[PDB]
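Participant: First, the structure itself, so that you have it in front of you.
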Amino acid sequence: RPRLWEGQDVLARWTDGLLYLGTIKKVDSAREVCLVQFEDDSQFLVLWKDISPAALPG
Amino acid sequence: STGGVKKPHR
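Chains G and C supply the protein sequences, listed in that same order. Per my numbering: the first sequence = residues 828 to 885. Per my numbering: the second sequence = residues -13 to -4.
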């Protein structure tokens, strides 16, 4: 039932309006964000709204 | 990855 989970590869929309590939580290249901780790090892909170799975629709 | 660089997807 959860759409997002720890260890999931995702695309996250950043403050420049572009998508970046990352991996979910933590899911925060209270604030509806995930801590996402990016390719440069940076980690930021991203709104659920701005996150989608990288995996093929199937 | 340390020293890695972010690029916009696709």
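Quick reminder that beta carbons are idealized off the backbone N, C-alpha and C, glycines included.
1. Going by beta carbon distance, what residues of the same chain come within less than 8 Å of residue 828 of chain G, once the five residues before and after it are set aside?
2. For the putative contact between residue 851 of chain G and residue 837 of chain G, defined by C-beta atoms under 8 Å, what is the C-beta separation to the nearest angstrom?
3. Count the other CB atoms within 10 Å of the CB of residue 918 of chain G; is the residue buried (16 or more) or exposed (fewer)?
4. Does residue 876 of chain G come out as helix, strand or coil in the three-state DSSP assignment?
5. Could you check the C-alpha separation between residue 881 of chain G and residue -12 of chain C for me, to the nearest Å?
Facilitator: Let me spell this out:
1. Mapped onto the first sequence, residue 828 of chain G falls at position 1. None.
2. To locate residue 851 of chain G, count along the first sequence from 1; it is residue 24. To locate residue 837 of chain G, count along the first sequence from 1; it is residue 10. Confirmed, Cβ separation roughly 6 Å.
3. It is not possible to answer for residue 918 of chain G, since the shown part of chain G is limited to 828 through 885.
4. Numbered from its first residue, the first sequence carries residue 876 of chain G at position 49. If DSSP states are grouped into helix, strand and coil, residue 876 of chain G belongs with the helices.
5. By one-based count along the first sequence, residue 881 of chain G stands at place 54. By one-based count along the second sequence, residue -12 of chain C stands at place 2. Cα to Cα, residue 881 of chain G sits roughly 22 Å from residue -12 of chain C.
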